[PDB]
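Here is the structure we will look at.
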Amino acid sequence: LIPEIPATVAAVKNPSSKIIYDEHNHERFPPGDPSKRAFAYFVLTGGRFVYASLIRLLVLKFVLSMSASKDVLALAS
Amino acid sequence: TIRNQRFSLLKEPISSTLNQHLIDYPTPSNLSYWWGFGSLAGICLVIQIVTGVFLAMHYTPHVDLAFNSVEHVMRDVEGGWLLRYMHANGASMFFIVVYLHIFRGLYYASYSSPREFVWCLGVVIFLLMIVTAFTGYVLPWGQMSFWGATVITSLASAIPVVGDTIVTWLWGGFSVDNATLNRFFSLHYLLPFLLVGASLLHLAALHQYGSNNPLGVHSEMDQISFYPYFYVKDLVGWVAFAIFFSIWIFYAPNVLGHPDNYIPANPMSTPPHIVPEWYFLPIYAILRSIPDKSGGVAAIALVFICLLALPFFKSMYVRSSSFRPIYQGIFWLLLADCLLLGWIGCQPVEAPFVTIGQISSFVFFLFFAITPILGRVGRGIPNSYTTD
Amino acid sequence: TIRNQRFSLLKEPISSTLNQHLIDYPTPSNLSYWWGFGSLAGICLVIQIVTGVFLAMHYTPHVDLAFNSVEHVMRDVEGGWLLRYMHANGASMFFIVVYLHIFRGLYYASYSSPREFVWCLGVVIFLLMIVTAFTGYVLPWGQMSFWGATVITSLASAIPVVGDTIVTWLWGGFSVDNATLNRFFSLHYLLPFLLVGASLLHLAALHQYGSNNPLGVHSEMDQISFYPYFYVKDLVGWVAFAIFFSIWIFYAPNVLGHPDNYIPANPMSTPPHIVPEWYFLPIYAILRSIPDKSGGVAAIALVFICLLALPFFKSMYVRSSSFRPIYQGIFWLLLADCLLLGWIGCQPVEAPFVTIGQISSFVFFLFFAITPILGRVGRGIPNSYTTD
Amino acid sequence: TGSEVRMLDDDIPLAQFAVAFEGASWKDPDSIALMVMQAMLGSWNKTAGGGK
Amino acid sequence: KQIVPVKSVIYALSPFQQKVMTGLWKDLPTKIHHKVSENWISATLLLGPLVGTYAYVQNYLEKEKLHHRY
Amino acid sequence: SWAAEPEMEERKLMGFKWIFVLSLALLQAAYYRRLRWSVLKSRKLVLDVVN
Amino acid sequence: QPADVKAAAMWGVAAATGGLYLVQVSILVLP
Amino acid sequence: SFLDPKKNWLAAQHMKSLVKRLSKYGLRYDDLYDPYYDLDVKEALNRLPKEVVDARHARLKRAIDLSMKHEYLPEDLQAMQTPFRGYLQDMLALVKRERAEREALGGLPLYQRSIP
Amino acid sequence: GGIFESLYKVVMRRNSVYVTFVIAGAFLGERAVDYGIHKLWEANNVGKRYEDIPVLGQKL
Ligand SMILES: CCCCCCCCCCCCCCCCCC(=O)OC[C@H](COP(=O)(O)OCCN)OC(=O)CCCCCCCCCCCCCCCCC
Ligand code: HEM
Ligand code: HEM
Ligand code: HEM
Ligand code: HEM
């Protein structure tokens with residue numbers, strides 16, 4: 001009647017199992033469903049493949065740039 | 001919480017400063033992809049430094065060997081073409097992402113209080129970047145490098161009292177010659193480390209007051225740590241930048257360049273079109289547009305005066321331009337004018353380009369001369385639109 | 001205290017970190033002048049950086065032009081002999097000051113807890129100084145320069161499986177030619193900035209754990225601010241160092257060097273006496289003394305392992321040498337051994353110098369192997385000498 | 001499911017939270033092991049005599 | 001640099017209990033509608049001066065070319 | 001044109017390979033970011049305020 | 001301790017594989 | 001001059017656009033005043049009642065959350081929004097007037113901005 | 001789902017095994033991409049390579 005209890009107070013004092021999320025740019029899975037935990041890990045694994053390959057490329061490029069050159073290789077007879 | 005025994009190696013003194021200022025520094029949870037450019041200019045600087053060191057292991061600063069040494073890196077050194085194209089197109093990328101950094105700051109009014117020191121250190125960083133890129137571009141000793149150096153350093157004799165004395169001291173002689181090449185090489189090697197120091201001071205000031213946000217409002221209510229929430233965002237930014245940079249290295253390695261630089265410098269012949277790199281073009285355009293070359297140098301100084309004077313304007317309590325329609329339109333007009341002015345720089349100094357550049361410079365300075373008026377007038381908005 | 005209105009500029013955020021760490025840092029009240037030696041080493045590093053930049057404005061890293069370019073600096077450049085003598089003799093004084101720094105640390109056992117990180121960062125700094133000075137000495141391209149580069153780089157072949165590959169890769173082309181000259185110039189220019197970073201980390205760790213004192217005791221009872229009390233002491237040290245360094249520059253500038261570096265490099269003939277600079281002589285003497293060059297390289301690695309292993313000793317309760325007569329004598333014997341070892345390195349391999357060096361290096365490692373024993377016995381002392 | 005709820009008040013002296021995994025059924029043979037695991041993660045109190 | 005508590009109540013969900021990449025192309029036409037409707041003024045201000053100046057320059061260049069071409 | 005750019009073939013091969021591979025990396029990085037931020041971008045907060 | 005030994009051995013295997021992938025000494029490996 | 005939306009069509013359009021934007025993000029015009037900006041807004045917020053300041057913080061948090069999620073307020077609350085219903089301008093004017101008086105006759109600043 | 005969970009329980013229980021898998025996958029993917037791009041190159045520009053000119057060995 002008189003109180004008009006606040007929204008946060010009413011939420012705290014009345015826990016409910018019908019929890020509602022935003023679901024604007026991230027749609028929920030139906031409540032009973034296994035979590036696709038492995039699929040994300042394999043996606044990240046492919047990305048890590050790429051990152052390791054790029055790091056290897058860069059290190060080798062710099063180090064072998066510091067290496068000998070075709071000029072001295074051809075000069076040595 | 002008495003630290004009697006160790007909990008987390010992140011909180012130990014060896015990793016505590018890094019912990020705080022990188023992993024645990026709170027940032028607003030609504031930052032867009034426009035802050036990744038600040039995160040990405042540092043990566044560009046690191047790329048430039050590493051490629052430059054590995055290039056300097058092969059470059060000879062003499063006047064009879066610089067061009068042939070650069071071609072030696074091109075041809076004989078294994079992977080040398082990758083190093084040189086990385087260095088050149090990486091200077092270009094550095095300037096691109098720094099321009100995006102600056103223009104996001106302008107759009108969201110990040111220069112406003114309390115980040116005046118952040119903006120001013122950014123302006124000093126911009127000076128350092130410009131000088132480094134120029135003195136580095138003189139290094140390959142091509143026609144464009146030699147004659148751009150001649151023109152720009154000779155246009156330092158506009159100072160009334162000293163002039164010729166400073167020019168002679170800077171040249172190490174009477175013309176751009178071997179002494180100037182060696183001097184420019186040493187300075188080009190040194191300056192990037194001062195640039196790293198300036199970047200660190202830039203970041204220290206920003207971390208003192210915290211980053212802005214698209215709304216421009218106080219944002220200490222909803223904040224999250226930097227890692228991992230913004231680490232992955234910056235990772236997406238870095239990979240997109242890597243794709244862009246790889247396109248610009250492996251398929252169009254000379255499009256951003258100027259073909260006349262592949263001619264060995266010849267002081268007895270002048271190329272028909274002496275112009276700087278594309279990222280000095282707006283400054284060059286303002287300088288040429290203002291006649292009476294002393295006036296041009298004065299205008300170039302005035303540009304930096306305006307940039308440094310931006311953060312010290314009037315009230316203008318609302319800062320983000322998402323809630324400022326007039327300032328939003330003004331910003332878009334400024335960006336269009338800067339792009340047009342950059343286009344003008346590459347054009348000859350004939351008509352109508354003279355008039356187009358004279359109007360463009362006036363608009364560019366009018367932007368700075370109009371914003372305090374916008375703030376003063378908008379200071380009294382709530383009293384007029386109130387619904388009482 | 002609520003900082004409503006600002007009192008002092010030093011406590012403002014722009015100068016707050018500098019205030020703390022430079023003006024207000026509490027320091028033990030009884031420090032002698034060797035802490036001044038640490039500050040003096042910092043100043044020597046700055047002097048080296050500045051003179052090196054201005055020298056690199058005139059040095060050509062080509063094999064056909066390096067020597068004549070240095071003679072250019074000496075004869076033609078306005079006040080260039082001053083720059084070159086300052087750089088060379090400043091390298092020498094840098095090493096003198098760092099040696100006095102290290103030996104004060106050894107005498108007062110400053111490596112003990114909790115300054116293990118300070119000592120380890122110091123060891124890393126010493127490695128960086130060694131590398132920088134070596135690659136710099138290669139730059140003038142004389143007989144001693146070329147042949148010392150040859151020998152010290154070719155002793156890297158002692159690695160078991162990848163020695164030859166590393167030697168060839170570092171040489172860049174089967175010899176120590178132009179490629180090695182450019183490589184060494186770039187590295188010599190780069191390394192001092194890493195050295196500055198290492199010095200800053202060194203100072204940060206020390207500032208974390210305070211500072212030792214001639215007594216080795218806890219010293220948080222009587223502590224005074226760094227400024228002005230230790231700034232003036234450091235100033236006295238700096239002026240005395242300036243007089244010493246001016247004696248070296250102007251009157252005896254070539255005493256600390258060898259006359260073979262004034263002959264242009266000729267890879268055909270070999271000078272009869274190949275020795276490094278005087279400050280590498282102890283290490284050279286150890287390496288030469290232990291035969292079977294693989295054993296020599298292993299012995300140098302062992303020297304640095306011992307230096308890194310000093311801080312992590314077991315009991316070592318009493319710190320200063322003022323209350324450790326046995327350790328005081330051991331330290332003085334070690335210093336005499338180090339001086340003798342340095343003198344041996346300049347002598348030929350003919351007898352008896354082989355025996356003397358093989359004894360001196362053994363005594364060096366003996367010092368490094370008998371400090372824990374003294375620590376354990378000293379830990380045993382208090383329950384024996386009780387007077388009751 | 002696996003989710004969280006956070007009731008920030010800041011007018012309360014002490015913060016209280018519970019973090020939980022999914023346990024076992026009554027008839028699961030691993031419930032005894034879960035009981036043992038709970039035993040070796042035992043409770044601690046500010047007034048407990050065990051102390052440290 | 002302090003935190004300002006707000007007295008909220010926040011329900012969050014595990015990142016493994018909700019689909020990830022579908023929201024990119026979910027409700028695409030309305031997204032494009034927003035992007036075009038709330039920004040056409042800005043695009044007009046950014047591009048209009050550029051295309052207008054280009055048209056003016058080409059007109060002037062061609063007119064001078066014809067006039068001077070004898 | 002060969003004498004002025006003897007590295008064209010190797011340069012183009014490297015470019016094609018790395019553009020493709022980095023595009024795959026970009027896709028993975030986008031997935032990683034959307035997965036990390038999925039907790040925040042789908043929360044429901046009750047604030048006790050209306051206007 | 002046995003679990004620590006197994007973990008250390010596996011980490012050594014991983015590091016050796018990484019070094020081998022970085023250096024690519026397939027030509028060198030005769031035995 | 002003083003141009004209000006009643007006597008200016010351009011001012012009417014400007015006010016309409018500002019109302020639309022603020023209603024989209026559901027925060028009053030006074031909420032845009034940064035306490036770190038002026039330090040007079042900081043004092044004015046220090047003098048306001050706790051209910052008002054807490055409402056301001058809640059509205060700002062809601063706006064920031066909507067900004068992160070890349071969405072706007074639902075049309076119901078958007079029609080329930082009341083921008084330009086000020087709560088701070090009078091107090092800010094009082095604070096600035098007091099500061100002006102204190103500066104005008106003798107006086108030291110009651111608060112100052114750090115450097116920087 | 002089942003396949004992903006199975007490979008997960010195979011190769012994602014110890015981080016050392018995961019790092020070995022990442023490195024091996026990077027190597028194999030690099031070599032496979034090399035081979036594919038080379039085949040595309042051969043298919044695209046046929047009749048231009050060095051060992052294709054009709055008179056490669058007749059300048060003597
Ligand atoms: C030929 C092959 C073999 C070669 C070696 C053979 C000899 C080994 C050593 C024999 C002598 C050992 C002496 C040890 C007992 C010292 C007693 C002592 O501490 O006496 C007190 C005295 C205090 O001095 P002070 O205060 O001036 O006295 C006034 C008193 N009111 O204290 C002193 O005077 C301090 C004396 C310090 C002496 C330190 C060095 C000798 C002892 C250790 C030897 C280690 C040798 C190997 C390592 C050498 C260094 C690298
Ligand atoms: C310490 C770090 C750096 C070193 C050692 C270095 C060294 C060099 C060297 C040796 C060259 C000549 C080789 C060549 O022309 O390709 C060069 C060129 C150049 N550098 Fe740097 N550089 C460094 C940092 C930078 C930075 C930070 C920038 C950008 C701001 C930059 C911009 C350039 C440009 C534009 C050229 C001309 C490239 C060309 O046209 O060929 N450099 N640099
Ligand atoms: C070397 C080039 C530069 C680097 C590495 C750099 C680095 C950074 C970094 C890391 C940040 C924090 C992350 C971010 O907010 O995006 C930042 C923010 C900022 N920078 Fe820079 N910056 C550079 C150049 C500039 C320049 C030239 C300016 C302007 C003159 C500038 C002005 C700013 C501003 C205003 C911010 C605050 C962003 C905000 O609103 O939160 N920066 N910069
Ligand atoms: C670039 C050369 C070096 C510089 C600039 C440097 C600088 C400093 C500075 C400024 C201090 C603090 C002031 C002082 O106590 O003297 C210090 C202390 C110290 N340094 Fe260094 N240092 C250098 C090399 C070394 C080396 C090579 C070591 C030994 C490996 C070392 C070990 C120490 C120790 C143990 C302290 C502690 C001082 C004490 O206990 O009172 N330093 N250094
Ligand atoms: C970034 C700063 C530095 C630069 C740019 C630099 C540059 C140079 C150059 C160009 C030379 C050859 C000029 C000559 O022959 O006199 C040189 C020589 C030398 N430098 Fe440096 N240097 C620097 C710092 C240092 C440091 C920190 C040391 C260590 C003490 C050092 C040790 C030497 C030595 C021993 C020589 C040979 C002296 C001689 O000419 O006989 N340099 N340096």
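Identifiers in this document derive from the order of the structure tokens: chains are assigned A, B, ..., residues are numbered from 1 separately in each chain, and ligands are numbered from 1 in order of occurrence.
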
Give me the chain B side of the contact with chain H, cut-off 8 Å, one line per residue showing its nearest atom pair and distance in Å at one decimal, counting only C-alpha atoms, sorted by chain and residue number, as JSON lines.
```
{"residue": "B:29", "atom": "CA", "partner": "H:68", "partner_atom": "CA", "distance": 6.2}
{"residue": "B:30", "atom": "CA", "partner": "H:68", "partner_atom": "CA", "distance": 4.0}
{"residue": "B:31", "atom": "CA", "partner": "H:68", "partner_atom": "CA", "distance": 7.2}
{"residue": "B:112", "atom": "CA", "partner": "H:37", "partner_atom": "CA", "distance": 7.8}
{"residue": "B:113", "atom": "CA", "partner": "H:37", "partner_atom": "CA", "distance": 5.2}
{"residue": "B:114", "atom": "CA", "partner": "H:37", "partner_atom": "CA", "distance": 6.0}
{"residue": "B:115", "atom": "CA", "partner": "H:116", "partner_atom": "CA", "distance": 7.9}
{"residue": "B:116", "atom": "CA", "partner": "H:116", "partner_atom": "CA", "distance": 7.6}
{"residue": "B:117", "atom": "CA", "partner": "H:116", "partner_atom": "CA", "distance": 6.5}
{"residue": "B:214", "atom": "CA", "partner": "H:67", "partner_atom": "CA", "distance": 8.0}
{"residue": "B:215", "atom": "CA", "partner": "H:64", "partner_atom": "CA", "distance": 7.5}
{"residue": "B:216", "atom": "CA", "partner": "H:32", "partner_atom": "CA", "distance": 7.3}
{"residue": "B:217", "atom": "CA", "partner": "H:32", "partner_atom": "CA", "distance": 5.3}
{"residue": "B:218", "atom": "CA", "partner": "H:34", "partner_atom": "CA", "distance": 5.4}
{"residue": "B:219", "atom": "CA", "partner": "H:64", "partner_atom": "CA", "distance": 7.6}
{"residue": "B:221", "atom": "CA", "partner": "H:61", "partner_atom": "CA", "distance": 5.9}
{"residue": "B:222", "atom": "CA", "partner": "H:61", "partner_atom": "CA", "distance": 5.9}
{"residue": "B:317", "atom": "CA", "partner": "H:33", "partner_atom": "CA", "distance": 5.7}
{"residue": "B:318", "atom": "CA", "partner": "H:32", "partner_atom": "CA", "distance": 5.9}
{"residue": "B:323", "atom": "CA", "partner": "H:18", "partner_atom": "CA", "distance": 6.5}
{"residue": "B:324", "atom": "CA", "partner": "H:18", "partner_atom": "CA", "distance": 7.9}
{"residue": "B:325", "atom": "CA", "partner": "H:14", "partner_atom": "CA", "distance": 7.7}
{"residue": "B:382", "atom": "CA", "partner": "H:84", "partner_atom": "CA", "distance": 6.3}
{"residue": "B:384", "atom": "CA", "partner": "H:4", "partner_atom": "CA", "distance": 5.3}
{"residue": "B:385", "atom": "CA", "partner": "H:15", "partner_atom": "CA", "distance": 6.5}
{"residue": "B:386", "atom": "CA", "partner": "H:84", "partner_atom": "CA", "distance": 5.1}
{"residue": "B:387", "atom": "CA", "partner": "H:85", "partner_atom": "CA", "distance": 6.1}
{"residue": "B:388", "atom": "CA", "partner": "H:85", "partner_atom": "CA", "distance": 7.2}
```

Export, as an mmCIF file, in the first residue's frame, the selected residues with N, CA and C atoms.
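File out.cif, as written:
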```
data_model
loop_
_atom_site.group_PDB
_atom_site.id
_atom_site.type_symbol
_atom_site.label_atom_id
_atom_site.label_comp_id
_atom_site.auth_asym_id
_atom_site.auth_seq_id
_atom_site.Cartn_x
_atom_site.Cartn_y
_atom_site.Cartn_z
ATOM 1 N N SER B 29 33.725 0.155 -19.001
ATOM 2 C CA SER B 29 33.320 -1.074 -19.665
ATOM 3 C C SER B 29 32.649 -0.836 -21.007
ATOM 4 N N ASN B 30 32.605 0.403 -21.495
ATOM 5 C CA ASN B 30 31.915 0.708 -22.743
ATOM 6 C C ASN B 30 32.849 1.277 -23.804
ATOM 7 N N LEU B 31 34.159 1.117 -23.644
ATOM 8 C CA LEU B 31 35.089 1.602 -24.652
ATOM 9 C C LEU B 31 34.877 0.866 -25.966
ATOM 10 N N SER B 112 39.901 17.610 -23.099
ATOM 11 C CA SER B 112 39.333 18.442 -22.056
ATOM 12 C C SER B 112 39.853 18.010 -20.688
ATOM 13 N N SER B 113 39.549 18.827 -19.687
ATOM 14 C CA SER B 113 40.022 18.566 -18.338
ATOM 15 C C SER B 113 39.508 17.212 -17.860
ATOM 16 N N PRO B 114 40.302 16.460 -17.092
ATOM 17 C CA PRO B 114 41.622 16.813 -16.574
ATOM 18 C C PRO B 114 42.814 16.207 -17.312
ATOM 19 N N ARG B 115 42.731 16.045 -18.631
ATOM 20 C CA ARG B 115 43.781 15.386 -19.396
ATOM 21 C C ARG B 115 44.562 16.360 -20.276
ATOM 22 N N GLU B 116 44.713 17.601 -19.808
ATOM 23 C CA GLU B 116 45.509 18.578 -20.542
ATOM 24 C C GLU B 116 46.937 18.095 -20.722
ATOM 25 N N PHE B 117 47.517 17.505 -19.678
ATOM 26 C CA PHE B 117 48.882 17.012 -19.785
ATOM 27 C C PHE B 117 48.971 15.840 -20.751
ATOM 28 N N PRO B 214 32.914 6.796 -24.676
ATOM 29 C CA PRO B 214 32.063 7.413 -25.707
ATOM 30 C C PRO B 214 31.025 8.392 -25.184
ATOM 31 N N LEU B 215 30.422 8.134 -24.024
ATOM 32 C CA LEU B 215 29.440 9.072 -23.498
ATOM 33 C C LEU B 215 30.084 10.328 -22.935
ATOM 34 N N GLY B 216 31.363 10.275 -22.579
ATOM 35 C CA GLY B 216 32.015 11.428 -21.998
ATOM 36 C C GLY B 216 31.625 11.732 -20.572
ATOM 37 N N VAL B 217 30.877 10.846 -19.921
ATOM 38 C CA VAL B 217 30.401 11.070 -18.563
ATOM 39 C C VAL B 217 31.396 10.506 -17.564
ATOM 40 N N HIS B 218 31.253 10.902 -16.302
ATOM 41 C CA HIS B 218 31.988 10.269 -15.217
ATOM 42 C C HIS B 218 31.692 8.776 -15.206
ATOM 43 N N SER B 219 32.739 7.960 -15.138
ATOM 44 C CA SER B 219 32.588 6.523 -15.347
ATOM 45 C C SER B 219 33.364 5.725 -14.308
ATOM 46 N N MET B 221 31.555 4.292 -11.872
ATOM 47 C CA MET B 221 30.502 3.418 -11.379
ATOM 48 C C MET B 221 30.591 2.035 -12.003
ATOM 49 N N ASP B 222 30.748 1.983 -13.323
ATOM 50 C CA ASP B 222 30.817 0.737 -14.081
ATOM 51 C C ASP B 222 32.196 0.655 -14.720
ATOM 52 N N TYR B 317 31.014 22.216 -20.478
ATOM 53 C CA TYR B 317 30.893 21.114 -19.528
ATOM 54 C C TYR B 317 30.623 19.786 -20.223
ATOM 55 N N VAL B 318 29.730 19.771 -21.209
ATOM 56 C CA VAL B 318 29.528 18.566 -22.004
ATOM 57 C C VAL B 318 30.706 18.402 -22.951
ATOM 58 N N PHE B 323 26.541 14.064 -27.822
ATOM 59 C CA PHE B 323 25.499 14.948 -27.318
ATOM 60 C C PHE B 323 25.706 16.393 -27.758
ATOM 61 N N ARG B 324 26.540 16.618 -28.771
ATOM 62 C CA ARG B 324 26.829 17.954 -29.286
ATOM 63 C C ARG B 324 26.647 17.944 -30.795
ATOM 64 N N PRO B 325 25.422 18.142 -31.282
ATOM 65 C CA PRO B 325 25.210 18.118 -32.739
ATOM 66 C C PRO B 325 26.040 19.139 -33.500
ATOM 67 N N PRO B 382 20.832 24.561 -20.215
ATOM 68 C CA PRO B 382 19.774 24.024 -19.342
ATOM 69 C C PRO B 382 18.737 25.052 -18.941
ATOM 70 N N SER B 384 17.463 27.273 -20.752
ATOM 71 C CA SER B 384 16.588 27.583 -21.874
ATOM 72 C C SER B 384 15.654 26.446 -22.254
ATOM 73 N N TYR B 385 16.096 25.197 -22.143
ATOM 74 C CA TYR B 385 15.279 24.058 -22.534
ATOM 75 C C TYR B 385 14.589 23.395 -21.355
ATOM 76 N N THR B 386 14.701 23.967 -20.160
ATOM 77 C CA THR B 386 14.154 23.334 -18.970
ATOM 78 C C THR B 386 12.641 23.192 -19.077
ATOM 79 N N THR B 387 12.124 22.120 -18.483
ATOM 80 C CA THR B 387 10.702 21.792 -18.536
ATOM 81 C C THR B 387 9.990 22.137 -17.236
ATOM 82 N N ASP B 388 10.359 23.247 -16.607
ATOM 83 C CA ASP B 388 9.724 23.666 -15.365
ATOM 84 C C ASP B 388 8.506 24.540 -15.640
#
```

Near-ligand residues for ligand 1, threshold 6 Å, only C-alpha atoms and all ligand atoms, as a list in words
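I would give the residues around ligand 1 as residues 325, 326, 329, 330, 333, 334, 363, 364, 366 and 367 of chain C.
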
Test item: residues lying within 6 Å of ligand 2 with only C-alpha atoms and all ligand atoms, as a ChimeraX atom specification
/B:45,48-49,52-53,55-56,59,84,88,91,129,132-133,136-137,139-140,189,192

As number ranges by chain, please: all residues of region 3-67 of chain H that backbone DSSP puts in alpha helix (DSSP H).
H: 9-25, 35-38, 40-47, 50-67

Please tabulate, as JSON lines, the residues of chain E that come within 10 Å of chain A, each with its closest pair of atoms and the distance in Å to one decimal, counting only C-alpha atoms and ordering rows by chain, then residue number upward.
```
{"residue": "E:7", "atom": "CA", "partner": "A:8", "partner_atom": "CA", "distance": 7.7}
{"residue": "E:8", "atom": "CA", "partner": "A:8", "partner_atom": "CA", "distance": 6.5}
{"residue": "E:9", "atom": "CA", "partner": "A:8", "partner_atom": "CA", "distance": 6.1}
{"residue": "E:10", "atom": "CA", "partner": "A:21", "partner_atom": "CA", "distance": 9.5}
{"residue": "E:11", "atom": "CA", "partner": "A:21", "partner_atom": "CA", "distance": 6.9}
{"residue": "E:12", "atom": "CA", "partner": "A:21", "partner_atom": "CA", "distance": 7.2}
{"residue": "E:13", "atom": "CA", "partner": "A:21", "partner_atom": "CA", "distance": 7.7}
{"residue": "E:14", "atom": "CA", "partner": "A:35", "partner_atom": "CA", "distance": 9.0}
{"residue": "E:15", "atom": "CA", "partner": "A:35", "partner_atom": "CA", "distance": 8.9}
{"residue": "E:16", "atom": "CA", "partner": "A:35", "partner_atom": "CA", "distance": 5.2}
{"residue": "E:17", "atom": "CA", "partner": "A:35", "partner_atom": "CA", "distance": 5.4}
{"residue": "E:18", "atom": "CA", "partner": "A:28", "partner_atom": "CA", "distance": 4.4}
{"residue": "E:19", "atom": "CA", "partner": "A:27", "partner_atom": "CA", "distance": 5.7}
{"residue": "E:20", "atom": "CA", "partner": "A:26", "partner_atom": "CA", "distance": 6.1}
{"residue": "E:21", "atom": "CA", "partner": "A:26", "partner_atom": "CA", "distance": 7.9}
{"residue": "E:22", "atom": "CA", "partner": "A:26", "partner_atom": "CA", "distance": 7.3}
{"residue": "E:23", "atom": "CA", "partner": "A:25", "partner_atom": "CA", "distance": 4.4}
{"residue": "E:24", "atom": "CA", "partner": "A:25", "partner_atom": "CA", "distance": 7.1}
{"residue": "E:25", "atom": "CA", "partner": "A:25", "partner_atom": "CA", "distance": 9.4}
{"residue": "E:26", "atom": "CA", "partner": "A:25", "partner_atom": "CA", "distance": 7.7}
{"residue": "E:27", "atom": "CA", "partner": "A:25", "partner_atom": "CA", "distance": 9.4}
```

Find the residues around region 47-54 of chain H up to 8 Å (only C-alpha atoms counted), leave out those fewer than 3 positions away in its own chain, and share them as a ChimeraX atom specification.
/E:6 /H:43-44,57-58,87-88,91

Expected selection as an MDAnalysis selection string for ligand 4 within 7 Å, only C-alpha atoms and all ligand atoms
chainID C and resid 34:39 41:42 45 98 101:102 105 110:111 115 118:123 125:126 195 199 202:203 206 211:213

For region 10-16 of chain F, list every protein, DNA or RNA residue within 10 Å, evaluated using only C-alpha atoms, and leave out those in the same chain fewer than 2 positions away; present the list as a PyMOL selection string.
(chain B and resi 79+81-82+243+246-251+253) or (chain F and resi 5-8+18-21) or (chain I and resi 34+37-38+41)

Quick one: residues within 12 Å of residue 20 (chain D), only C-alpha atoms, excluding same-chain residues fewer than 4 positions away - as a list in words?
residues 1, 2, 3, 4 and 38 of chain D

Mind dumping the selected residues with N, CA, C and O atoms as a PDB file, in the first residue's frame?
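out.pdb, freshly written:
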```pdb
ATOM      1  N   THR D   1      23.269 -25.100 -14.038  1.00  0.00           N
ATOM      2  CA  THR D   1      23.567 -24.222 -15.166  1.00  0.00           C
ATOM      3  C   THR D   1      24.932 -23.556 -15.026  1.00  0.00           C
ATOM      4  O   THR D   1      25.790 -23.692 -15.903  1.00  0.00           O
ATOM      5  N   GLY D   2      25.141 -22.826 -13.940  1.00  0.00           N
ATOM      6  CA  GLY D   2      26.398 -22.133 -13.753  1.00  0.00           C
ATOM      7  C   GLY D   2      26.279 -20.667 -14.095  1.00  0.00           C
ATOM      8  O   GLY D   2      26.332 -20.288 -15.265  1.00  0.00           O
ATOM      9  N   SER D   3      26.130 -19.831 -13.078  1.00  0.00           N
ATOM     10  CA  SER D   3      25.865 -18.416 -13.269  1.00  0.00           C
ATOM     11  C   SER D   3      26.224 -17.695 -11.979  1.00  0.00           C
ATOM     12  O   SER D   3      26.802 -18.286 -11.061  1.00  0.00           O
ATOM     13  N   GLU D   4      25.879 -16.415 -11.898  1.00  0.00           N
ATOM     14  CA  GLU D   4      26.216 -15.644 -10.716  1.00  0.00           C
ATOM     15  C   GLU D   4      25.117 -14.635 -10.426  1.00  0.00           C
ATOM     16  O   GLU D   4      24.351 -14.245 -11.306  1.00  0.00           O
ATOM     17  N   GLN D  38      35.281 -32.240   1.425  1.00  0.00           N
ATOM     18  CA  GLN D  38      34.780 -31.169   2.278  1.00  0.00           C
ATOM     19  C   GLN D  38      35.482 -31.170   3.626  1.00  0.00           C
ATOM     20  O   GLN D  38      35.740 -30.109   4.202  1.00  0.00           O
TER      21      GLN D  38
END
```

Per residue of chain G within 12 Å of chain A, what are the shortest atom pair and its distance in Å to one decimal, counting only C-alpha atoms, with rows by chain and residue number, as JSON lines?
```
{"residue": "G:18", "atom": "CA", "partner": "A:52", "partner_atom": "CA", "distance": 10.0}
{"residue": "G:19", "atom": "CA", "partner": "A:56", "partner_atom": "CA", "distance": 10.5}
{"residue": "G:20", "atom": "CA", "partner": "A:56", "partner_atom": "CA", "distance": 11.6}
{"residue": "G:21", "atom": "CA", "partner": "A:56", "partner_atom": "CA", "distance": 8.7}
{"residue": "G:22", "atom": "CA", "partner": "A:56", "partner_atom": "CA", "distance": 6.5}
{"residue": "G:23", "atom": "CA", "partner": "A:60", "partner_atom": "CA", "distance": 8.7}
{"residue": "G:24", "atom": "CA", "partner": "A:60", "partner_atom": "CA", "distance": 10.8}
```
